[PDB]
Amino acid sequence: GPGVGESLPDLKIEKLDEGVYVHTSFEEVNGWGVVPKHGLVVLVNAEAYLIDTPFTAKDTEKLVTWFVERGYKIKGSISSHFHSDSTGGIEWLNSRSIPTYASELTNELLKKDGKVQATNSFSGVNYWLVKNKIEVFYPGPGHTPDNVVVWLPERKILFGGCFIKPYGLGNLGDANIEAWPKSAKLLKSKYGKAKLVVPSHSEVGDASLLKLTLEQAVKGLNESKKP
């Protein structure tokens, strides 16, 4: 809702691996309960890259302040898809002239919704946000038409965002179930020996979260072809 959910938990920040933190923010979402949303902060040269923003400007600000107060200035943010649990902090970041990144199709979907756009876009299937350290990849449509993943080669850590859905597919409103099985299969061959997979809405796992997502996508596609 437009209002502040006064009793949600606060923004969480936790170290996942050597260069890498998980940030978790929380929102009240109709029909689901409280929903957690994980993103990352990846440090490069002791400068911070946000992988997805929190739901809100308030938690984006808290996140940024925490790292900046500790000497880690913000090099940029990248959003894995257009929904506000990935993109909600883009306007705040833009107002601080922190570069924000999104695919061309993500920015088009933001605009079509009258959302503020990232100030840096990329067309096409791979994008090195930081060569050999932060890569973006488009597996095809799934949770949404634009969803991308972020790969950290040096840690073998995959940020699957809202594409990774081990225990169920979540909000299907913008989903492409026909395509999701093919996308999930593609993603699983490519990142099969990830050490760690970070879903948006489920806590971190190993590479079996790729197989679970594929099974859930196969499952939802089947059920949808009914009564």
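All residue numbers refer to positions in the sequence shown, first residue = 1. Take the two forms, superpose them, and find the largest set of C-alpha atoms that agree within 1.5 Å; that set is the rigid core.
Across the superposed structures in 7 other deposited structures of this protein, aligned by the core, the stretch whose Cα atoms lie more distant on average is 31 to 39, chosen from 184 to 192 and 31 to 39. With every structure aligned by its rigid core, 67 to 75 is the stretch of 153 to 161 and 67 to 75 whose CA positions lie farther away in 7 other deposited structures of this protein. Mean CA B-factor, 200 to 208 versus 214 to 222: the higher value falls on 214 to 222. Stretches 34 to 42 and 168 to 176 differ in mean C-alpha B factor, with the higher average recorded for 168 to 176.
The PDB entry assigns its highest CA temperature factor, among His143, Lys73, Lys156, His83, to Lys156. In this structure the maximum Cα B-factor among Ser123, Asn120, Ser97, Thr106 is found at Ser123. Placement of the Cα temperature factor of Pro139 within the chain: middle third of the modelled residues, per the deposited record. For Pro2, the recorded CA temperature factor ranks within the middle third of the chain's modelled residues. Annotation for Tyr191: C-alpha temperature factor in the highest third relative to the rest of the modelled chain, per the entry.
Among all modelled residues in this chain, the alpha-carbon of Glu61 has a temperature factor (C-alpha) in the lowest third. The deposited CA B-factor of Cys162 belongs to the middle third of values across its chain.
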